[PDB]
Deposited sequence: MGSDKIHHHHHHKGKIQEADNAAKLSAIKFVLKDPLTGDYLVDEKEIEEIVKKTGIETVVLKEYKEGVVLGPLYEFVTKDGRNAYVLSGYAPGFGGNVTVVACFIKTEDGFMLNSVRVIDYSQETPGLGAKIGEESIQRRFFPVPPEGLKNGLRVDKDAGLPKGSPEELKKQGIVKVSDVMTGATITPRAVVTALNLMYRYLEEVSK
């Protein structure tokens, strides 16, 4: 029934550099089912909505990972699923999957982003003045390069999810 959601959560729990699961696939299923497969509002903001449950995981190398969902106007029948991994002074953005319930390589422009990028705030490259650099160089600065391909709505959702994680981690 919830194939799309579970598929998205599994996807964002793969390492974007190695392609390998950070958490065993069956363990992911068990955690999602035990936590609850429903989608509920966690917090509404002026610019969008953060959706839960907050799913928690521990990666095979012992890092705490968080999966949540989000919405921004510009979506809809759309939800953005994302995985953040806890770091020393914040979080890193591991992966993202946009689910369009009304209806990929483009989506890889959005992750991973290191903690200093998320602290900067994510923004599409147009907003940063079309700076030079590969998508990969720009991601390190929190800049999502899409000008050569609604990405702003995706970025907004991601930024809200980060805000929420920061709020609840304090």
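- Taken in order along the deposited sequence, the stretches absent from the coordinates are 1-19, 95, 124-134, 181-186.
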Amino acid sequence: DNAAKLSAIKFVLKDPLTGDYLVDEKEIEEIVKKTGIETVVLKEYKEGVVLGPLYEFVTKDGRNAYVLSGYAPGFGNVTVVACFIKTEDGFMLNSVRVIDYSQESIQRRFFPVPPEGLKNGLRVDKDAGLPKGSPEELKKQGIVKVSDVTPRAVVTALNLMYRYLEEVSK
From here on, numbers count along this sequence of modelled residues.
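- Look at the C-alpha B-factors of 44-52 and of 133-141. On average they run higher in 133-141.
- Relative to one another, 124-132 and 110-118 have unequal mean CA B-factors, and 124-132 is the one with the higher figure.
- For the set 39, 105, 59, 35, the PDB entry assigns the largest Cα B-factor to 105.
- For residue 84, the recorded CA temperature factor ranks within the middle third of the chain's modelled residues.
- For residue 22, the recorded CA temperature factor ranks within the lowest third of the chain's modelled residues.
- Among the modelled residues of its chain, residue 170 has a C-alpha B-factor that falls in the highest third, as given in the PDB entry.
- When all modelled residues of the chain are sorted by CA temperature factor, residue 13 is found within the lowest third.
- In the deposited entry, the Cα temperature factor of residue 75 places it in the highest third of its chain's modelled residues.
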